[PDB]
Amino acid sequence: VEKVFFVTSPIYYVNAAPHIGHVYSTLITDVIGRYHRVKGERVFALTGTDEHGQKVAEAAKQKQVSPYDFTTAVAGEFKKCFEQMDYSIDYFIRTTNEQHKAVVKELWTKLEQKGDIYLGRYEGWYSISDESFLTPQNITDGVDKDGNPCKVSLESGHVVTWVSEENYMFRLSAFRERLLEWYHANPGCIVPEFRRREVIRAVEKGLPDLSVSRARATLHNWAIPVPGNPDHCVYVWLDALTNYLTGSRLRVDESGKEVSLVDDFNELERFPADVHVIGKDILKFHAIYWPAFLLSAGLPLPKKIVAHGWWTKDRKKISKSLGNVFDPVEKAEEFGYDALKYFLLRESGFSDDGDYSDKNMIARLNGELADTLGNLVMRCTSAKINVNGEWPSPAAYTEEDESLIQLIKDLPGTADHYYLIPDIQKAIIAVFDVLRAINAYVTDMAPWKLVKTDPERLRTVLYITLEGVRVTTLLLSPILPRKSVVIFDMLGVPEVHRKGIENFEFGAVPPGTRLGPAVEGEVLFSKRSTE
């Protein structure tokens, strides 16, 4: 099917200011979107904020201010942060949006009409901080803010509380068999593979029904009322997950402001998501609850859920209270935006919990960005080596030349598959494997010596080098968006050849193309003092 490629991040609780976790989730979403735009596809990338619920409402009361004023303020901080991070998100959704609210009521009514919502009770544990229902197998003993003994989530360590309430219940138990069919029939639907196995095991063990409303008082009336029953509010998670459907149905103007909500998602050709980017903490909501609601409502299921891991700094938990911070905008101003994005995407795979340190960040910046990529770009554009400031016409290729050309020809296919898993780390590693091979080749051929000794041979070496850089840069462009433009400028690559699968082919830029102009002190990535 030809269709708008639809990629999403979670929508983030606005109980607190934005931080690395949010920036990372949205980065992954942004990169996936950027790559598909580079392939020439229509892309709609979504992010935003989750603004209802007890968690948020009680965060606002702690700051002694109105929930409307509080959410709007913090939502503005999330936007400012994402603007500063230089993402290419198509829309920023807020669950306070009135059009979103209409979609929630619409979905709720669909589930009710389908017979999958009934009036029951939940008597059990709840984590307000995770807005999550827990069974007694998932709590243990712990300590609250005071120091008193209490119960806490095994999953997250936050304080749990006992809830006994007459609630509207969704028949999640009735979807066990169909969810299992879905997971089996689509073995690529959850990534990485071990989290897919985690989900299957959980659903195999059995599913209870899920409380999809709460009494209005306990949410401090900060939620969407249940259609036909003003005494109840919709479960913040059913509300939240619906953002993906809302987003798929919003027409957005040039400025990024929402202007219209269509009736039928087919109208905008986005739904269902091709990739839901999420953190491991919220897997069950997306891989169990979400598809169950969609199945009930007769809506199509997402194609892929990708769940990444948690971050630490110097092998310690990131926390303002513990005295170990990681401000992304600060580190970006220190080391560069593209470089910081490279590091976060390179350093950790989705299977792992990543670890920043200034030491490791400087090693990759110097080692990979400067010594490997940057050094190569300067060499093939140098007036000392490339004396006519153009793309030369290659002479006959040696077997060594062709071994390199082969790697470059194969790179797009390989990087493509990795981006579609998606596994951004492996894609980056693949591109840099080819970059290391180009450097070895250049070291081997010594083009600086060829300038005087064998100009005809230099044409070949120089042409292959320029073309390897172009291709490696194109495939890295979703990761180093600003620097890829500088590189393409330096190579003098026309705009048209900077996107499209056509330009994945070796030899897309013709000989005689003139390099862009030099600058007296310019350099792509500057080496940082080794500390």
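One-based numbering along the sequence shown. We call the rigid core whatever largest set of C-alpha positions still superposes within 1.5 Å between the two forms.
Taking the rigid core as the alignment reference, the C-alpha atoms of 347-355 lie farther on average from the displayed form in 9 other deposited structures of this protein than those of the other stretch among 347-355 and 333-341.
Taken in 9 other deposited structures of this protein and fitted on the core, 201-209 and 324-332 differ in how far their Cα atoms move from the shown form, and the one that moves more is 324-332.
Among the other PDB entries of this protein that were compared and that flank it with modelled residues, residue 304 is modelled in all, so it is never left out in a third of them. Across the other entries compared, none leave residue 259 without coordinates where the residues on each side are present, so it is far from a third. Of the two segments examined, 463-471 and 63-71, it is 63-71 that shows the higher average Cα temperature factor in the deposited entry. Taking the mean C-alpha B-factor of each stretch as recorded, 209-217 and 375-383 are not equal, and the higher mean is that of 375-383. Per the PDB record, 317 has a higher Cα B-factor than any other of 171, 100, 346, 317.
Residue-level inspection of the entry shows that, of 255, 243, 414, 186, 255 has the top Cα B-factor. Per the deposited record, the Cα B-factor of residue 156 falls in the highest third when ranked against the other modelled residues of its chain. In this PDB entry, residue 452 carries a Cα temperature factor that places it within the highest third of its chain's modelled residues. For residue 14, the recorded CA B-factor ranks within the middle third of the chain. Only modelled residues enter the ranking. Ranked by C-alpha B-factor against the other modelled residues of its chain, residue 433 falls in the lowest third. In this PDB entry, the Cα temperature factor of residue 50 sits in the bottom third of its chain's modelled residues, the lowest group.
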